[PDB]
């Protein structure tokens, strides 16, 4: 669990890395529903999640294990797939970032 949670910090650090920035940047912070004018976002997405919130939960030792960390990462992606139409550019970006996560998560 302790070394597992250190590995999860490594995965999140890679997701924040410069080489993935072109598709990862919309996931860096909570979706700003007000600034973006997404008036129905909170109605559709009951549990918003983003990379800064996951980073804070890891630092606060809120995750019991890798499975709990992985569930929040998958929630962030699931929210994006649920809210948006399948052809939305942000959905294409979420899948590219999910490619990064799934590889690392499966090999830990």
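Only the largest set of C-alpha atoms that superpose within 1.5 Å between the two forms is called the rigid core. Positions refer to the first chain, counted from 1.
C-alpha RMS from this form in 7 other deposited structures of this protein, rigid core superposed: larger for 36-44 or 64-72?
-> The stretch that sits farther from the shown form in 7 other deposited structures of this protein is 36-44.
Can you let me know which of the two, 70-78 or 30-38, has the higher average C-alpha B-factor in the entry?
-> The deposited B-factors put 30-38 ahead on the C-alpha mean.
Which of 81-89 and 20-28 has higher mean CA B factor, as the PDB entry lists it = If you average the C-alpha B-factors of 20-28 and of 81-89, the larger mean comes out for 81-89.
Third of the chain, ranked by Cα B-factor, where residue 58 sits | Its C-alpha B-factor belongs to the highest third of this chain's values.
Looking at the entry's B-factor column for C-alpha atoms only, identify whether residue 44 ranks in the lowest, middle or highest third of its chain.
-> CA B-factor rank for residue 44: highest third.
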